[PDB]
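Enquirer:
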Amino acid sequence: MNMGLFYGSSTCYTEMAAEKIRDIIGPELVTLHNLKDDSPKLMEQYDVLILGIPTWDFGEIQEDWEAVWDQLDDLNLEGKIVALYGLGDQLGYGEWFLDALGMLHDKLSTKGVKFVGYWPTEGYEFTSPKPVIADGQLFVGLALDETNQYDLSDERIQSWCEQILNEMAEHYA
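Quick note on the working numbering: the sequence shown kicks off at 16 and runs consecutively.
1. Buried or exposed for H120, going by 16 or more other Cβ atoms inside 10 Å?
2. Tell me, please, whether the stretch 77-84 touches the stretch 101-110 by the rule of three or more beta-carbon pairs shorter than 8 Å.
3. Less than 8 Å between the C-beta atoms of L123 and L159, yes or no?
4. Can you tell which of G117, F112 and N91 has its C-alpha closest to the C-alpha of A98?
5. What does the alpha-carbon distance come out to for the pair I148 and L87?
6. Check whether the stretch 28-42 and the stretch 88-95 touch, using three or more Cβ-Cβ pairs below 8 Å as the test.
7. Assign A188 to one of two classes, buried (16 or more other C-beta atoms within 10 Å of its C-beta) or exposed (fewer than that).
8. Assuming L167 and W134 are in contact, meaning their beta carbons sit under 8 Å apart, how far apart are those beta carbons, in whole angstroms?
9. As a quick exercise: from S24, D52 and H186, pick the residue whose alpha carbon is nearest that of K129.
10. If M16 and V83 are in contact, beta carbons under 8 Å, what's the gap, nearest whole angstrom?
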(Lines of atoms letter the chains of each structure in order from A and count residues from 1; the text may use other names and numbers.)
(Lines give C-alpha, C1' and ligand atoms only; values in the text may rest on other atoms or scores of the structure.)
Protein backbone atom coordinates (compact mmCIF):
# COMPACT_ATOMS: atom_id res chain seq x y z
CA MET A 1 0.00 0.00 0.00
CA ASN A 2 0.96 3.76 -0.21
CA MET A 3 0.85 6.92 1.95
CA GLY A 4 -0.11 10.48 1.01
CA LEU A 5 1.33 13.12 3.41
CA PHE A 6 -0.59 16.42 3.42
CA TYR A 7 0.27 19.69 5.18
CA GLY A 8 -0.34 23.45 4.95
CA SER A 9 2.21 24.99 2.58
CA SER A 10 2.48 28.37 4.38
CA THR A 11 3.43 26.85 7.79
CA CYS A 12 7.05 26.60 9.00
CA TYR A 13 8.77 23.24 9.88
CA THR A 14 6.06 20.97 8.32
CA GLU A 15 8.12 20.78 5.08
CA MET A 16 11.08 19.12 6.88
CA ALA A 17 8.71 16.95 8.98
CA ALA A 18 7.18 15.82 5.64
CA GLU A 19 10.58 15.25 3.97
CA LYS A 20 11.80 13.26 6.98
CA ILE A 21 8.64 11.11 7.46
CA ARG A 22 8.82 10.17 3.76
CA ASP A 23 12.59 9.51 4.00
CA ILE A 24 12.30 7.45 7.19
CA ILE A 25 9.32 5.24 6.30
CA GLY A 26 10.63 5.11 2.69
CA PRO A 27 10.27 7.43 -0.38
CA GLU A 28 9.13 4.50 -2.62
CA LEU A 29 5.85 4.16 -0.60
CA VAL A 30 5.31 7.68 0.85
CA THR A 31 4.33 10.67 -1.35
CA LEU A 32 4.35 14.37 -0.39
CA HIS A 33 0.93 16.04 -0.82
CA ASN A 34 1.94 19.67 -0.25
CA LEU A 35 -1.35 21.56 -0.79
CA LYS A 36 0.18 24.28 -3.02
CA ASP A 37 1.57 21.41 -5.17
CA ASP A 38 -1.53 19.17 -5.54
CA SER A 39 -5.32 19.48 -5.07
CA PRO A 40 -7.21 18.06 -2.00
CA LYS A 41 -9.37 15.47 -3.88
CA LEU A 42 -6.08 13.54 -4.52
CA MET A 43 -6.18 12.65 -0.77
CA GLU A 44 -8.93 10.12 -1.62
CA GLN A 45 -6.52 7.91 -3.65
CA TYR A 46 -3.94 7.02 -0.98
CA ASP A 47 -4.59 3.99 1.27
CA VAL A 48 -2.90 5.93 4.08
CA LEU A 49 -3.25 9.69 4.55
CA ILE A 50 -0.82 11.37 6.94
CA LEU A 51 -1.98 14.86 8.14
CA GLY A 52 0.58 17.39 9.46
CA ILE A 53 -0.38 20.85 10.81
CA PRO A 54 1.39 23.25 13.24
CA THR A 55 -0.95 25.06 15.65
CA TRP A 56 -0.26 28.84 15.98
CA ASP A 57 2.91 29.07 13.86
CA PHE A 58 1.84 32.19 11.92
CA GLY A 59 -1.63 31.84 13.56
CA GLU A 60 -4.41 29.22 13.72
CA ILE A 61 -4.66 27.35 10.36
CA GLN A 62 -2.83 29.22 7.56
CA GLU A 63 -4.58 29.90 4.23
CA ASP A 64 -3.20 27.03 2.08
CA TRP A 65 -4.82 24.46 4.43
CA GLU A 66 -7.99 26.45 5.32
CA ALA A 67 -8.65 26.99 1.57
CA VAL A 68 -9.32 23.23 1.31
CA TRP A 69 -10.34 22.47 4.96
CA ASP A 70 -13.94 23.23 3.89
CA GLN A 71 -13.61 20.52 1.15
CA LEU A 72 -11.86 17.89 3.33
CA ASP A 73 -15.31 16.91 4.73
CA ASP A 74 -16.66 16.39 1.13
CA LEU A 75 -14.02 13.65 0.63
CA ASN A 76 -15.21 10.06 1.14
CA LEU A 77 -12.29 8.71 3.18
CA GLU A 78 -14.23 5.66 4.51
CA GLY A 79 -12.08 3.01 6.19
CA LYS A 80 -8.76 4.65 5.14
CA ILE A 81 -5.75 4.70 7.46
CA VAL A 82 -4.78 8.13 8.80
CA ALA A 83 -1.82 9.44 10.81
CA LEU A 84 -2.16 12.89 12.41
CA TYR A 85 0.64 15.04 13.76
CA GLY A 86 1.27 18.68 14.54
CA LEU A 87 3.77 21.04 16.13
CA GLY A 88 3.29 23.56 18.94
CA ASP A 89 5.14 24.57 22.15
CA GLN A 90 3.76 23.82 25.62
CA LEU A 91 6.03 26.43 27.32
CA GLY A 92 4.87 29.58 25.50
CA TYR A 93 1.36 28.50 24.42
CA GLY A 94 -0.13 25.84 26.70
CA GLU A 95 -3.79 24.69 26.39
CA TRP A 96 -3.84 25.94 22.73
CA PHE A 97 -1.59 22.92 21.92
CA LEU A 98 -2.23 20.88 18.71
CA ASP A 99 -5.73 22.40 18.33
CA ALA A 100 -5.52 22.14 14.51
CA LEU A 101 -4.56 18.44 14.96
CA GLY A 102 -7.70 18.14 17.12
CA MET A 103 -9.82 19.80 14.41
CA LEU A 104 -8.58 17.39 11.66
CA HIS A 105 -9.28 14.53 14.12
CA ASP A 106 -12.80 15.84 14.82
CA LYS A 107 -13.58 16.31 11.11
CA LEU A 108 -12.36 12.75 10.39
CA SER A 109 -13.95 10.76 13.27
CA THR A 110 -17.33 10.62 11.43
CA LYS A 111 -15.57 9.86 8.08
CA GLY A 112 -14.62 6.48 9.63
CA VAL A 113 -10.81 6.57 9.23
CA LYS A 114 -8.36 4.57 11.39
CA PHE A 115 -6.07 6.79 13.48
CA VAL A 116 -2.54 5.38 13.88
CA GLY A 117 0.34 6.82 15.92
CA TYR A 118 -1.13 8.96 18.72
CA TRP A 119 1.38 10.37 21.30
CA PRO A 120 1.76 9.79 25.11
CA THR A 121 0.18 12.66 27.10
CA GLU A 122 2.30 11.71 30.17
CA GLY A 123 4.76 14.56 30.92
CA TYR A 124 2.54 17.19 29.17
CA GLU A 125 0.07 19.49 30.99
CA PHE A 126 -3.18 20.75 29.38
CA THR A 127 -6.97 20.83 30.02
CA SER A 128 -8.13 21.07 26.35
CA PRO A 129 -10.04 17.96 25.04
CA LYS A 130 -9.65 18.60 21.25
CA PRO A 131 -6.03 17.28 20.72
CA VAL A 132 -6.59 14.13 22.89
CA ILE A 133 -8.65 10.93 23.36
CA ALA A 134 -9.29 8.34 26.13
CA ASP A 135 -10.06 11.09 28.66
CA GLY A 136 -6.64 12.70 28.02
CA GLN A 137 -4.52 9.48 28.09
CA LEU A 138 -3.30 9.96 24.46
CA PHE A 139 -2.81 12.80 22.01
CA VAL A 140 -4.83 11.93 18.91
CA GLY A 141 -1.63 12.37 16.81
CA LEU A 142 2.14 13.05 17.13
CA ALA A 143 3.28 16.03 19.20
CA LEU A 144 6.26 18.02 17.80
CA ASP A 145 8.06 20.95 19.48
CA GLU A 146 10.73 23.49 18.35
CA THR A 147 11.23 25.53 21.61
CA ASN A 148 11.96 23.17 24.55
CA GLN A 149 13.19 19.84 23.05
CA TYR A 150 14.10 20.69 19.40
CA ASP A 151 17.21 18.43 19.72
CA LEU A 152 14.94 15.33 20.07
CA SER A 153 12.12 16.40 17.69
CA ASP A 154 14.15 14.23 15.24
CA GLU A 155 13.66 11.35 17.72
CA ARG A 156 9.91 12.09 17.92
CA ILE A 157 9.64 12.00 14.09
CA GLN A 158 11.82 8.84 13.78
CA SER A 159 10.21 6.69 16.46
CA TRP A 160 6.66 7.75 15.53
CA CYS A 161 7.28 7.14 11.80
CA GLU A 162 8.55 3.62 12.57
CA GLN A 163 5.54 3.07 14.84
CA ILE A 164 2.87 4.25 12.37
CA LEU A 165 4.40 2.12 9.56
CA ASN A 166 4.18 -0.95 11.85
CA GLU A 167 0.75 -0.18 13.29
CA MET A 168 -0.81 0.67 9.90
CA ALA A 169 0.65 -2.53 8.46
CA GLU A 170 -0.50 -4.85 11.25
CA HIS A 171 -3.91 -3.15 10.85
CA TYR A 172 -4.16 -3.84 7.10
CA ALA A 173 -2.73 -7.41 7.26
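No residue lacks a Cβ here, since even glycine has one placed at the ideal position from N, Cα and C.
Expert: This is what the structure holds:
1. buried
2. no
3. no
4. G117
5. Spanning the alpha carbons of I148 and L87 requires a straight line of approximately 21 Å.
6. no
7. exposed
8. Not a contact, Cβ separation roughly 13 Å.
9. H186
10. 24 Å between Cβ atoms; not a contact.
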